[PDB]
>>> print(open('my_file_32.cif').read())   # mmCIF, C-alpha atoms
data_target
loop_
_atom_site.label_atom_id
_atom_site.label_comp_id
_atom_site.auth_asym_id
_atom_site.auth_seq_id
_atom_site.Cartn_x
_atom_site.Cartn_y
_atom_site.Cartn_z
CA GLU I 1 -8.01 15.58 22.62
CA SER I 2 -6.04 14.35 25.63
CA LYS I 3 -2.29 14.84 26.18
CA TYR I 4 -1.63 14.88 22.42
CA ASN I 5 -0.39 17.99 20.62
CA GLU I 6 1.92 18.26 17.59
CA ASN I 7 5.68 18.82 17.19
CA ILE I 8 6.96 17.90 20.69
CA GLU I 9 6.50 20.77 23.19
CA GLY I 10 7.44 23.06 20.30
CA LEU I 11 3.91 24.41 20.00
CA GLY I 12 0.49 23.96 21.59
CA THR I 13 -3.13 25.11 21.65
CA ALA I 14 -5.72 26.23 24.19
CA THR I 15 -9.40 27.10 24.53
CA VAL I 16 -10.00 30.18 26.69
CA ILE I 17 -12.83 29.77 29.19
CA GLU I 18 -14.77 32.79 30.43
CA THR I 19 -12.92 34.24 33.42
CA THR I 20 -14.91 34.23 36.67
CA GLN I 21 -18.39 34.61 35.15
CA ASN I 22 -21.43 32.38 34.63
CA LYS I 23 -23.59 31.52 31.61
CA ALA I 24 -26.87 31.19 33.54
CA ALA I 25 -27.34 34.79 34.73
CA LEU I 26 -26.34 35.86 31.20
CA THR I 27 -28.44 36.28 28.03
CA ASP I 28 -29.09 39.84 29.18
CA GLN I 29 -27.86 40.80 25.70
CA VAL I 30 -25.58 43.56 27.02
CA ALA I 31 -23.06 42.15 29.52
CA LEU I 32 -22.72 39.22 27.11
CA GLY I 33 -21.08 41.29 24.37
CA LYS I 34 -18.65 42.93 26.79
CA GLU I 35 -17.60 39.62 28.34
CA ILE I 36 -17.10 38.12 24.88
CA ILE I 37 -15.06 41.19 23.86
CA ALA I 38 -12.56 41.04 26.74
CA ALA I 39 -12.37 37.25 26.58
CA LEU I 40 -11.68 37.54 22.84
CA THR I 41 -8.84 39.97 23.56
CA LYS I 42 -7.41 37.31 25.86
CA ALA I 43 -7.88 34.76 23.06
CA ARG I 44 -6.05 36.94 20.51
CA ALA I 45 -3.14 37.47 22.91
CA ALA I 46 -3.04 33.74 23.69
CA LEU I 47 -2.74 33.17 19.94
CA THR I 48 0.03 35.77 19.52
CA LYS I 49 2.12 34.12 22.24
CA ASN I 50 2.01 30.97 20.09
CA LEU U 1 -23.70 -18.73 -20.42
CA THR U 2 -22.18 -15.42 -19.34
CA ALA U 3 -19.75 -13.39 -17.25
CA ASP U 4 -20.59 -10.16 -15.46
CA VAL U 5 -18.67 -7.42 -13.63
CA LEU U 6 -19.94 -4.45 -11.60
CA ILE U 7 -17.59 -1.84 -10.15
CA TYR U 8 -18.35 0.94 -7.65
CA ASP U 9 -17.14 4.14 -9.34
CA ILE U 10 -15.78 5.54 -6.07
CA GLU U 11 -13.02 2.91 -6.23
CA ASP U 12 -12.21 3.78 -9.84
CA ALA U 13 -11.76 7.29 -8.43
CA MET U 14 -8.88 6.15 -6.24
CA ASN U 15 -7.28 3.24 -8.12
CA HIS U 16 -3.93 3.99 -9.84
CA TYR U 17 -4.24 1.23 -12.44
CA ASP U 18 -6.37 0.19 -15.44
CA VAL U 19 -8.24 -3.12 -14.81
CA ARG U 20 -10.46 -2.66 -17.91
CA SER U 21 -8.68 -4.81 -20.50
CA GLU U 22 -7.62 -7.25 -17.79
CA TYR U 23 -11.26 -7.75 -16.74
CA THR U 24 -12.38 -8.26 -20.35
CA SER U 25 -9.67 -10.83 -21.06
CA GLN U 26 -10.44 -12.71 -17.85
CA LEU U 27 -14.11 -12.88 -18.87
CA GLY U 28 -13.17 -14.38 -22.24
CA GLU U 29 -10.89 -16.98 -20.69
CA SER U 30 -13.69 -17.84 -18.24
CA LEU U 31 -16.00 -18.46 -21.22
CA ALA U 32 -13.54 -20.70 -23.08
CA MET U 33 -12.75 -22.61 -19.87
CA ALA U 34 -16.41 -23.31 -19.14
CA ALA U 35 -16.94 -24.54 -22.70
CA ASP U 36 -13.98 -26.93 -22.69
CA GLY U 37 -14.63 -28.39 -19.23
CA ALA U 38 -18.31 -28.89 -20.05
CA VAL U 39 -17.47 -30.72 -23.28
CA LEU U 40 -14.87 -33.02 -21.69
CA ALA U 41 -17.25 -33.93 -18.86
CA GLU U 42 -19.96 -34.63 -21.45
CA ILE U 43 -17.97 -36.98 -23.70
CA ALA U 44 -16.35 -38.78 -20.77
CA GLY U 45 -19.46 -39.47 -18.70
CA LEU U 46 -22.34 -39.33 -21.17
CA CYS U 47 -20.71 -41.67 -23.68
CA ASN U 48 -19.76 -44.52 -21.31
CA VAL U 49 -21.49 -43.84 -17.93
CA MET F 1 -6.94 25.54 1.98
CA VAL F 2 -8.61 23.44 -0.81
CA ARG F 3 -5.33 22.20 -2.35
CA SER F 4 -6.31 19.36 -4.68
CA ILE F 5 -4.87 15.91 -5.42
CA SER F 6 -5.80 13.10 -7.85
CA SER F 7 -5.23 9.33 -7.72
CA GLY F 8 -4.70 7.63 -4.37
CA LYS F 9 -6.86 6.86 -1.34
CA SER F 10 -5.85 9.25 1.44
CA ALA F 11 -3.78 12.40 1.83
CA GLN F 12 -1.20 13.59 4.36
CA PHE F 13 1.17 16.51 4.83
CA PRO F 14 4.69 16.72 6.26
CA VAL F 15 5.73 19.52 8.62
CA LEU F 16 8.79 20.75 10.52
CA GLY F 17 9.85 23.66 12.71
CA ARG F 18 12.20 26.38 13.94
CA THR F 19 16.00 26.13 14.19
CA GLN F 20 18.87 27.08 16.48
CA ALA F 21 21.26 29.70 15.10
CA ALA F 22 24.53 29.80 17.03
CA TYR F 23 27.75 31.75 16.56
CA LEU F 24 30.78 29.85 15.34
CA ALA F 25 33.79 30.88 17.39
CA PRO F 26 36.62 30.81 14.81
CA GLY F 27 39.16 27.98 14.99
CA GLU F 28 36.64 25.41 16.24
CA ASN F 29 34.39 22.58 15.01
CA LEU F 30 31.15 22.78 13.01
CA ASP F 31 30.22 19.20 13.96
CA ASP F 32 30.25 20.02 17.70
CA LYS F 33 26.54 20.73 18.14
CA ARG F 34 23.53 19.65 16.09
CA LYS F 35 20.10 19.15 17.67
CA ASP F 36 18.81 18.78 14.10
CA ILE F 37 15.11 19.27 13.29
CA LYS F 38 11.92 17.55 14.45
CA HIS F 39 9.97 15.74 11.71
CA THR F 40 6.32 14.63 11.74
CA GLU F 41 3.27 14.57 9.44
CA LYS F 42 -0.49 14.82 9.83
CA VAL F 43 -2.77 12.41 7.98
CA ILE F 44 -6.25 12.98 6.53
CA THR F 45 -8.50 10.22 5.15
CA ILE F 46 -11.39 10.95 2.77
CA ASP F 47 -14.95 9.77 3.39
CA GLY F 48 -16.79 7.93 0.64
CA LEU F 49 -18.55 10.19 -1.87
CA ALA P 1 31.63 5.69 16.58
CA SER P 2 28.06 6.72 15.76
CA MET P 3 27.21 10.36 15.07
CA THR P 4 24.24 11.69 17.03
CA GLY P 5 22.09 14.52 15.75
CA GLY P 6 21.74 12.23 12.74
CA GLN P 7 19.02 14.55 11.44
CA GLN P 8 16.62 11.56 11.30
CA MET P 9 15.01 12.24 7.90
CA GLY P 10 12.14 9.82 8.34
CA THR P 11 10.88 9.27 11.91
CA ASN P 12 7.66 9.66 13.88
CA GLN P 13 8.82 12.30 16.38
CA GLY P 14 5.75 14.44 16.98
CA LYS P 15 4.94 14.73 20.67
CA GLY P 16 3.14 11.94 22.51
CA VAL P 17 3.86 9.01 20.21
CA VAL P 18 6.65 7.92 22.60
CA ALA P 19 8.04 4.91 20.69
CA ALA P 20 10.48 6.19 18.05
CA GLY P 21 11.31 2.59 17.28
CA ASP P 22 13.50 2.44 14.17
CA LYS P 23 12.75 4.60 11.12
CA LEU P 24 10.09 4.60 8.35
CA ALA P 25 7.69 4.72 10.24
CA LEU P 26 6.56 7.78 8.28
CA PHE P 27 6.83 7.41 4.48
CA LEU P 28 4.73 6.52 1.44
CA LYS P 29 4.56 3.09 -0.19
CA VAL P 30 4.20 3.92 -3.88
CA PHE P 31 3.83 1.91 -7.05
CA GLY P 32 1.80 3.45 -9.88
CA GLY P 33 3.56 2.16 -12.97
CA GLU P 34 2.66 -1.49 -13.60
CA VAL P 35 0.09 -4.23 -12.90
CA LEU P 36 0.26 -7.93 -12.03
CA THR P 37 -2.16 -9.97 -14.15
CA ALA P 38 -3.27 -13.56 -13.57
CA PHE P 39 -2.35 -16.40 -15.91
CA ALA P 40 -3.51 -17.01 -19.47
CA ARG P 41 -5.31 -20.35 -19.54
CA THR P 42 -5.11 -22.18 -22.88
CA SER P 43 -7.77 -24.47 -24.35
CA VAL P 44 -8.38 -27.48 -26.61
CA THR P 45 -11.02 -25.78 -28.81
CA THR P 46 -11.47 -25.80 -31.65
CA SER P 47 -8.84 -28.24 -32.94
CA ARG P 48 -9.95 -31.77 -32.17
CA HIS P 49 -13.64 -30.88 -31.75
#
>>> encode(input="my_file_32.cif", output="C-alpha coordinates")
Amino acid sequence: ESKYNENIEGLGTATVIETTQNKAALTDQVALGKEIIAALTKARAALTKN
Amino acid sequence: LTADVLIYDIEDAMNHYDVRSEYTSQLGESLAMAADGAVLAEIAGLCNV
Amino acid sequence: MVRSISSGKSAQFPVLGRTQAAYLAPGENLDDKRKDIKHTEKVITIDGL
Amino acid sequence: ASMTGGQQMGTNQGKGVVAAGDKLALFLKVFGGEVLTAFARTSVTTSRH
(Lines of atoms letter the chains of each structure in order from A and count residues from 1; the text may use other names and numbers.)
(Lines give C-alpha, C1' and ligand atoms only; values in the text may rest on other atoms or scores of the structure.)
Protein backbone atom coordinates (compact mmCIF):
# COMPACT_ATOMS: atom_id res chain seq x y z
CA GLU A 1 0.00 0.00 0.00
CA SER A 2 0.96 3.68 0.02
CA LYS A 3 0.92 5.97 3.08
CA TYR A 4 -1.91 3.97 4.67
CA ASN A 5 -1.43 1.99 7.87
CA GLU A 6 -3.92 1.30 10.68
CA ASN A 7 -4.62 2.97 14.05
CA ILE A 8 -2.95 6.39 13.55
CA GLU A 9 0.84 6.23 14.08
CA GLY A 10 0.07 3.80 16.90
CA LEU A 11 1.46 0.84 14.97
CA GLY A 12 3.02 0.07 11.59
CA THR A 13 4.56 -2.61 9.39
CA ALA A 14 7.67 -3.10 7.27
CA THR A 15 9.25 -5.48 4.77
CA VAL A 16 12.96 -6.05 5.40
CA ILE A 17 15.08 -5.93 2.25
CA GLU A 18 18.37 -7.82 2.06
CA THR A 19 21.11 -5.59 3.47
CA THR A 20 23.87 -4.72 0.99
CA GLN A 21 23.73 -7.91 -1.09
CA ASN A 22 22.52 -8.88 -4.57
CA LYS A 23 20.20 -11.61 -5.88
CA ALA A 24 22.06 -12.15 -9.18
CA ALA A 25 25.38 -13.52 -7.88
CA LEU A 26 23.32 -15.70 -5.52
CA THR A 27 21.74 -19.13 -6.03
CA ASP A 28 25.04 -20.61 -4.90
CA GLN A 29 22.90 -22.57 -2.43
CA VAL A 30 25.20 -21.80 0.53
CA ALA A 31 25.57 -18.03 1.01
CA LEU A 32 21.83 -17.86 0.33
CA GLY A 33 20.86 -19.68 3.53
CA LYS A 34 23.20 -17.56 5.67
CA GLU A 35 21.93 -14.28 4.21
CA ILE A 36 18.33 -15.41 4.75
CA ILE A 37 19.19 -16.41 8.34
CA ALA A 38 20.67 -13.06 9.40
CA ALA A 39 18.02 -11.12 7.49
CA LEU A 40 15.36 -13.21 9.25
CA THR A 41 16.90 -12.33 12.62
CA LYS A 42 16.51 -8.69 11.61
CA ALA A 43 12.91 -9.43 10.62
CA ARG A 44 12.12 -11.06 13.98
CA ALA A 45 13.61 -8.12 15.87
CA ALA A 46 11.70 -5.67 13.67
CA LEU A 47 8.54 -7.56 14.64
CA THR A 48 9.38 -7.52 18.37
CA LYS A 49 9.84 -3.74 18.33
CA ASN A 50 6.23 -3.55 17.10
CA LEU B 1 -50.53 -18.79 -19.22
CA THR B 2 -47.89 -18.91 -16.49
CA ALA B 3 -45.53 -17.20 -14.05
CA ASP B 4 -41.93 -18.22 -13.42
CA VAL B 5 -39.20 -17.34 -10.91
CA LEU B 6 -35.52 -18.32 -10.83
CA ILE B 7 -33.23 -17.36 -7.95
CA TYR B 8 -29.44 -17.65 -7.70
CA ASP B 9 -28.81 -19.63 -4.51
CA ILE B 10 -25.80 -17.49 -3.58
CA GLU B 11 -28.21 -14.63 -2.83
CA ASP B 12 -30.42 -16.87 -0.71
CA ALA B 13 -27.19 -17.51 1.20
CA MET B 14 -26.94 -13.85 2.21
CA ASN B 15 -30.54 -12.62 2.37
CA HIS B 16 -31.98 -12.12 5.90
CA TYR B 17 -35.62 -12.53 4.85
CA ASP B 18 -38.04 -15.14 3.46
CA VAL B 19 -39.37 -14.15 -0.02
CA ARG B 20 -40.86 -17.64 -0.64
CA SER B 21 -44.52 -17.12 0.29
CA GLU B 22 -44.38 -13.56 -1.00
CA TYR B 23 -43.20 -14.77 -4.41
CA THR B 24 -45.92 -17.45 -4.56
CA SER B 25 -48.69 -14.99 -3.66
CA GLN B 26 -47.43 -12.46 -6.22
CA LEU B 27 -47.53 -15.17 -8.89
CA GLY B 28 -51.15 -15.98 -8.04
CA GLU B 29 -52.20 -12.34 -8.13
CA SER B 30 -50.42 -12.01 -11.49
CA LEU B 31 -52.51 -14.91 -12.80
CA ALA B 32 -55.85 -13.50 -11.60
CA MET B 33 -54.93 -10.04 -12.94
CA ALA B 34 -54.11 -11.38 -16.40
CA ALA B 35 -57.39 -13.30 -16.50
CA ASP B 36 -59.57 -10.34 -15.50
CA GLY B 37 -57.89 -7.80 -17.80
CA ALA B 38 -58.05 -10.21 -20.73
CA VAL B 39 -61.77 -10.83 -20.18
CA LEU B 40 -62.66 -7.12 -19.86
CA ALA B 41 -60.73 -6.28 -23.03
CA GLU B 42 -62.51 -9.14 -24.81
CA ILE B 43 -66.08 -8.19 -23.92
CA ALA B 44 -65.48 -4.48 -24.48
CA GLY B 45 -63.79 -4.65 -27.88
CA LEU B 46 -64.90 -7.96 -29.37
CA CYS B 47 -68.59 -7.40 -28.67
CA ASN B 48 -68.94 -3.89 -30.18
CA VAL B 49 -65.69 -3.13 -32.10
CA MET C 1 -8.62 -17.43 12.17
CA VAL C 2 -11.69 -19.10 10.48
CA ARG C 3 -14.29 -17.51 12.80
CA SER C 4 -17.65 -18.11 11.11
CA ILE C 5 -20.74 -15.97 10.53
CA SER C 6 -24.16 -16.61 8.93
CA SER C 7 -26.67 -14.27 7.24
CA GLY C 8 -25.46 -10.99 5.78
CA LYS C 9 -23.34 -9.95 2.81
CA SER C 10 -19.96 -8.83 4.14
CA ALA C 11 -18.03 -8.97 7.40
CA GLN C 12 -15.94 -6.48 9.37
CA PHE C 13 -14.16 -6.28 12.71
CA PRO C 14 -13.71 -3.42 15.18
CA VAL C 15 -10.38 -2.75 16.89
CA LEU C 16 -8.82 -0.39 19.44
CA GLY C 17 -5.54 0.13 21.25
CA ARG C 18 -3.34 0.89 24.26
CA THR C 19 -4.10 3.41 27.03
CA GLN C 20 -2.41 6.04 29.16
CA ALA C 21 -2.18 5.25 32.87
CA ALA C 22 -1.39 8.33 34.94
CA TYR C 23 -1.11 8.93 38.68
CA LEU C 24 -3.86 10.91 40.34
CA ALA C 25 -2.32 13.44 42.70
CA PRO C 26 -4.82 13.51 45.60
CA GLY C 27 -7.06 16.55 45.97
CA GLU C 28 -7.34 17.18 42.22
CA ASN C 29 -9.63 16.52 39.24
CA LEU C 30 -10.28 13.26 37.37
CA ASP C 31 -11.75 15.14 34.39
CA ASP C 32 -8.51 17.09 33.82
CA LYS C 33 -6.96 14.83 31.18
CA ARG C 34 -8.54 12.32 28.80
CA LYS C 35 -7.01 11.56 25.39
CA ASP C 36 -9.58 8.74 25.18
CA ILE C 37 -9.09 5.82 22.78
CA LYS C 38 -8.72 5.55 19.00
CA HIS C 39 -11.50 3.61 17.24
CA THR C 40 -11.46 2.05 13.76
CA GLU C 41 -12.53 -1.16 11.99
CA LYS C 42 -11.31 -3.25 9.07
CA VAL C 43 -13.78 -4.52 6.47
CA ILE C 44 -13.73 -7.76 4.46
CA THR C 45 -16.09 -8.55 1.56
CA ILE C 46 -16.74 -12.11 0.37
CA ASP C 47 -16.33 -13.21 -3.25
CA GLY C 48 -19.15 -15.08 -4.94
CA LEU C 49 -19.13 -18.85 -4.36
CA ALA D 1 -19.03 24.50 27.26
CA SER D 2 -18.22 21.37 25.27
CA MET D 3 -16.15 18.58 26.82
CA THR D 4 -13.24 17.39 24.68
CA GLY D 5 -11.86 13.88 24.92
CA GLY D 6 -15.48 12.95 24.23
CA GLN D 7 -14.33 9.35 23.75
CA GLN D 8 -15.91 9.38 20.25
CA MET D 9 -17.60 5.95 20.32
CA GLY D 10 -18.28 5.78 16.61
CA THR D 11 -15.80 7.56 14.32
CA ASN D 12 -13.45 6.72 11.45
CA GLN D 13 -10.14 7.62 13.12
CA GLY D 14 -7.66 5.11 11.74
CA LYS D 15 -4.63 6.80 10.22
CA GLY D 16 -4.76 8.33 6.75
CA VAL D 17 -8.50 8.80 6.33
CA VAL D 18 -8.06 12.50 7.24
CA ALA D 19 -11.72 13.65 7.20
CA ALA D 20 -13.29 12.77 10.56
CA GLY D 21 -16.38 14.60 9.43
CA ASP D 22 -19.19 14.01 11.94
CA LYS D 23 -19.82 10.54 13.41
CA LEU D 24 -21.28 7.24 12.10
CA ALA D 25 -19.34 6.96 9.76
CA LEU D 26 -18.52 3.50 11.12
CA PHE D 27 -21.57 1.46 12.19
CA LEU D 28 -23.93 -1.23 10.91
CA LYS D 29 -27.32 -0.61 9.33
CA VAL D 30 -29.38 -3.56 10.55
CA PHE D 31 -32.93 -4.75 10.04
CA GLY D 32 -33.54 -8.51 10.10
CA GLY D 33 -37.00 -8.76 11.63
CA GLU D 34 -39.66 -7.82 9.07
CA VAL D 35 -40.43 -7.50 5.35
CA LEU D 36 -42.27 -4.96 3.18
CA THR D 37 -44.65 -6.68 0.76
CA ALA D 38 -46.37 -5.13 -2.27
CA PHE D 39 -50.12 -4.62 -2.46
CA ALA D 40 -52.87 -7.22 -2.71
CA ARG D 41 -54.74 -6.63 -5.95
CA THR D 42 -58.40 -7.68 -5.87
CA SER D 43 -60.43 -8.99 -8.82
CA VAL D 44 -63.92 -9.24 -10.33
CA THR D 45 -63.85 -13.04 -10.83
CA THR D 46 -65.83 -15.07 -10.40
CA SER D 47 -68.91 -13.11 -9.33
CA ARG D 48 -70.45 -11.47 -12.37
CA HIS D 49 -68.80 -13.83 -14.89
>>> closest_atom_pairs(input="my_file_32.cif", of="chain F", to="chain U", cutoff="8 Å", atoms="only C-alpha atoms", output="Markdown table")
| residue | atom | partner | partner_atom | distance |
| --- | --- | --- | --- | --- |
| F:6 | CA | U:14 | CA | 7.8 |
| F:7 | CA | U:14 | CA | 5.1 |
| F:8 | CA | U:14 | CA | 4.8 |
| F:9 | CA | U:14 | CA | 5.3 |
| F:48 | CA | U:10 | CA | 7.2 |
| F:49 | CA | U:10 | CA | 6.9 |
>>> resolve_selection(input="my_file_32.cif", expression="the PyMOL selection byres ((chain F) within 10 of (chain I))", output="NGL selection string")
:F and (15-18 or 38-42)
>>> closest_residue(input="my_file_32.cif", among="P:16, P:33, P:10, P:21", to="chain I", atoms="all atoms listed in the file")
P:16
>>> residues_near_point(input="my_file_32.cif", point="(27.9, 13.1, 18.1)", cutoff="9 Å", atoms="all atoms listed in the file", output="number ranges by chain")
F: 31-34; P: 1-6
>>> write_last_selection(input="my_file_32.cif", atoms="C-alpha atoms", output="mmCIF file, in the coordinates of the input")
data_model
loop_
_atom_site.group_PDB
_atom_site.id
_atom_site.type_symbol
_atom_site.label_atom_id
_atom_site.label_comp_id
_atom_site.auth_asym_id
_atom_site.auth_seq_id
_atom_site.Cartn_x
_atom_site.Cartn_y
_atom_site.Cartn_z
ATOM 1 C CA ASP F 31 30.220 19.200 13.960
ATOM 2 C CA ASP F 32 30.250 20.020 17.700
ATOM 3 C CA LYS F 33 26.540 20.730 18.140
ATOM 4 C CA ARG F 34 23.530 19.650 16.090
ATOM 5 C CA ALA P 1 31.630 5.690 16.580
ATOM 6 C CA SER P 2 28.060 6.720 15.760
ATOM 7 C CA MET P 3 27.210 10.360 15.070
ATOM 8 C CA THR P 4 24.240 11.690 17.030
ATOM 9 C CA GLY P 5 22.090 14.520 15.750
ATOM 10 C CA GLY P 6 21.740 12.230 12.740
#
>>> atom_distance(input="my_file_32.cif", atom1="atom CA of residue 11 of chain P", atom2="atom CA of residue 12 of chain F")
14.9 Å
>>> interface_residues(input="my_file_32.cif", of="chain P", to="chain U", cutoff="8 Å", atoms="all atoms listed in the file", output="CSV table (one decimal) with C-alpha atoms, keeping the file's coordinate frame")
chain,number,residue,atom,x,y,z
P,32,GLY,CA,1.8,3.4,-9.9
P,33,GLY,CA,3.6,2.2,-13.0
P,34,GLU,CA,2.7,-1.5,-13.6
P,35,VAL,CA,0.1,-4.2,-12.9
P,37,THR,CA,-2.2,-10.0,-14.2
P,40,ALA,CA,-3.5,-17.0,-19.5
P,41,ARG,CA,-5.3,-20.4,-19.5
P,43,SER,CA,-7.8,-24.5,-24.4
P,44,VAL,CA,-8.4,-27.5,-26.6
P,45,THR,CA,-11.0,-25.8,-28.8
>>> resolve_selection(input="my_file_32.cif", expression="the PyMOL selection byres ((chain P) within 6 of (chain F))", output="list in words")
residues 5, 7, 12, 13 and 14 of chain P
>>> write_last_selection(input="my_file_32.cif", atoms="C-alpha atoms", output="short mmCIF file (atom, residue, chain, number, x, y, z; two decimals), in the coordinates of the input")
data_model
loop_
_atom_site.label_atom_id
_atom_site.label_comp_id
_atom_site.auth_asym_id
_atom_site.auth_seq_id
_atom_site.Cartn_x
_atom_site.Cartn_y
_atom_site.Cartn_z
CA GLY P 5 22.09 14.52 15.75
CA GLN P 7 19.02 14.55 11.44
CA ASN P 12 7.66 9.66 13.88
CA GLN P 13 8.82 12.30 16.38
CA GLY P 14 5.75 14.44 16.98
#
